[PDB]
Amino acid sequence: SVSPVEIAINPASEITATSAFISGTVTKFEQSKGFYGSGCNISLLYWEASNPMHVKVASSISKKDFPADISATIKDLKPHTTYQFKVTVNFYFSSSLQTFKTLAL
């Protein structure tokens, strides 16, 4: 795309009653001196869909080469509960949201 920053989000996999594997990719982060000159923080954030005001950080990394994947197995989830997650770049750019529901226990 013509955008300098592109972020993809993947469907959750390995969904159990209390855990899931969530992931995304910063496909593009075009370098220029200054704000775009040192790579970026990539964070994978998740929350219970009913409470988007309490986020959890599954993973947070610094990268300077793209595409760059980010992933984590999140655990201790509530059974039979809807969760959402996203990838953020520099706590400014966001992927689209992805949603999944844990199994009943």
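So that there is no doubt, residue numbering starts at 1 and follows the sequence shown.
Annotation for 13 to 21 versus 92 to 100: the higher mean temperature factor (C-alpha) is found in 13 to 21. The stretch with the higher mean CA B factor, choosing between 40 to 48 and 73 to 81, is 73 to 81. The PDB entry assigns its highest CA temperature factor, among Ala58, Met53, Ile61, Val26, to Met53. In the PDB entry, a CA B factor belonging to the lowest third of its chain's modelled residues is recorded for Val5.
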